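Okay, so here's just one chain, in structure tokens, the form deposited in one PDB entry.
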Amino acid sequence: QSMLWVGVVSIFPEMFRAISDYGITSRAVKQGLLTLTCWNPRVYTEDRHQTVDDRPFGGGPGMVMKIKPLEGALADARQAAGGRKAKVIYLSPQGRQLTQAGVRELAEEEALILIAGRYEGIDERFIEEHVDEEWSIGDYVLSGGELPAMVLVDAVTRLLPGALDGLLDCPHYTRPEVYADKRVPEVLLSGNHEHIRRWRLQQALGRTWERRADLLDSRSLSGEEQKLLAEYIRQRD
């Protein structure tokens, strides 16, 4: 069957058409590399207008997603995963910050159940009991976990065999050779494979040093890379 099974618990399963119908995620679903399923907590409640949230204990603004509707959707999702070891992830701004290293780790799992919260969040007792890991996509607050869950699925899907450094990328250029007073660097126009590979690596090193030096501190630079970086720095105005 599929290389990676993903079950999403969300009150907006339709939002997930952004990944089921587009790009590498759509391709992986078609190619059978990825199985994507949704589980609306709104169908694991017992009322006419379908409610998932209740007021927070201790007062304050907003509402909190109840334990029962989430436990419903989770149990159903766990059953459909079958004999796969499924890691339960809650998407949250309190979680561990997602990075490419984390993406690689998540890509090694055979099944993921992603919980997309809404409102002020979900009842802490649901988290303590059922959530294996909490993950954040960045230091900003969103209205729900759906876009984060999709960002996670997209990043992980890229790493699946058949779907498709610690440095920023080099600039890219395409047709035409000259466009409104701006011209393409000559090394890409007629240079050799080593001339282009050295220029691209130097531009990548240079751009990382300018904008994301923290990425260089973590990284291990070779003698050749130290020379290309030094050169980029002393040759710019």
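Residue positions are given as counts along the sequence shown, with the first one as 1. Just so we're on the same page, rigid core means the largest C-alpha set that superposes within 1.5 Å between forms.
Asker: Note how many residues of the deposited chain are left out of the model between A75 and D76; the options are none, 1 to 3, 4 to 9, and 10 or more.
Answerer: Gap between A75 and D76: none.
Asker: Comparing 146-154 with 112-120, which stretch shows the greater average C-alpha B-factor in the deposited entry?
Answerer: Between 112-120 and 146-154, it is 112-120 that shows the higher mean C-alpha B-factor.
Asker: Which has the higher mean CA temperature factor in the PDB entry, 125-133 or 76-84?
Answerer: Per the deposited B-factors, the answer is 76-84.
Asker: Going by the deposited entry, which of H193, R27, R207, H172 has the highest CA temperature factor?
Answerer: In the PDB entry, the greatest C-alpha B-factor among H193, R27, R207, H172 is found at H193.
Asker: Report the third (lowest, middle or highest) to which the CA temperature factor of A213 belongs, ranking only the modelled residues of the same chain.
Answerer: Ranked within chain, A213 CA B lands in the middle tercile.
Asker: Where does the C-alpha B-factor of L221 rank in its chain, lowest, middle or highest third?
Answerer: Tercile = highest for this residue's CA B-factor.
Asker: Just say lowest, middle or highest third for the CA B-factor of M3 relative to the other modelled residues in its chain.
Answerer: It falls in the top third of the chain.
Asker: Thinking about Cα B factors across the chain, which third does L164 belong to?
Answerer: CA B-factor rank for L164: highest third.
Keep in mind the form deposited in another entry is missing from the figure; the text below concerns it.
Asker: Core aligned, which of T35, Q50, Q203, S26 has the Cα that shifts 2 angstroms or more between this form and the one not shown?
Answerer: The one that moves 2 Å or more is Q50.
Asker: Explain in one word, closer or farther, how the Cα atoms of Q50 and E14 are placed in the other entry relative to this form, where the distance changes by 3 Å or more.
Answerer: Pair moves farther apart in the other entry.
Asker: With a change of at least 3 Å, which way does the C-alpha separation between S20 and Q50 go in the other entry: closer or farther?
Answerer: It is farther: the C-alpha separation of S20 and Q50 rises by at least 3 Å in the other entry.
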